[PDB]
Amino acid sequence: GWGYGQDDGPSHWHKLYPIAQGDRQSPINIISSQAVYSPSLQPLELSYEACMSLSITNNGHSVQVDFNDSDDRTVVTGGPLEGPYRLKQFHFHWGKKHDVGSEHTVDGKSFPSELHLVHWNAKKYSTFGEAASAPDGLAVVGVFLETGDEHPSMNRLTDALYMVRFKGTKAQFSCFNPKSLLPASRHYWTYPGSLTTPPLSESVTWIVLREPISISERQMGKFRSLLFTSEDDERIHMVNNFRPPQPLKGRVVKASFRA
């Protein structure tokens, strides 16, 4: 139905999902000087278990790692959140070159990639799907990826990509701790937004970390080697699977720190 190609890309989604023109769409360009320092905010805590990961999957849009969310062991809490949100999955958005790839931008600057850790409000909703439609249903922590030095923990993931290079394939991915992909800082920006893929529901509290993690150009290349296509179809590389910044429309971006 939708994608990131020339015929089905982001610029066209509004024709299928009208909410794409809504008042709290994501991602956004974060103007650091315009963020409101918010001391009252609570400390952001990412309490992740080491072995809650289930599999790694190429779903045609990204490569996604799914988690066991039957309990509240792997959750995000604090910051703008009133309670814990359980981690359901994490995935990435990236470009064909270093200058593009992230969904959020900071003062007009894009990163080559962006990691999204998707959590849901299991205290208020019965299913991830149900939570994905409600205004306070999801909390996504965004982590920017810069290219430079090799990321040791990332290797276990980038080495697994070959096995899921084609759309619709999956592999077991046990004991991968998502905490290994977080920067040494927990400072962040936060604002009320939406899913960045259809249905584009405005159900997401965004928490974009200030500090990016770094991976090697070689590792970033393993992502650019994935395919949007099936094993039979003509090979079309999975790149530029990101949605561009959307209108802020008077929303206030809060910061946990001072720029």
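Throughout, we count residues from 1 along the sequence that is shown.
Higher-B stretch (mean Cα B-factor, as the entry records it), 201-209 or 34-42: Going by the record's values, the stretch with the higher mean is 34-42.
Check the entry's C-alpha temperature factors for 126-134 and 140-148, then say which stretch has the higher mean. Stretch with the greater average CA B-factor: 126-134.
Looking at 104, 119, 93, 98, which has the highest Cα B-factor in the entry? Answer, based on the entry's C-alpha B-factors: 98.
Of 14, 24, 235, 243, which one's C-alpha B factor is largest in the deposited record? By C-alpha B-factor in the record, 235 ranks first.
By the recorded C-alpha temperature factor, relative to the other modelled residues in its chain, which third is residue 159 in? As the PDB entry reports it, the C-alpha B-factor of residue 159 lands in the middle third of its chain.
Relative C-alpha B-factor of residue 168, binned into the chain's lowest, middle or highest third: Ranked within chain, residue 168 CA B lands in the highest tercile.
In terms of the chain's CA B-factor thirds, is residue 229 lowest, middle or highest? Tercile = highest for this residue's CA B-factor.
Chain third (lowest, middle, highest) by recorded CA B-factor, residue given as residue 183: Ranked within chain, residue 183 CA B lands in the lowest tercile.
Per the entry's values, where does residue 84 land by CA temperature factor relative to the rest of its chain, in the lowest, middle or highest third? Ranked within chain, residue 84 CA B lands in the middle tercile.
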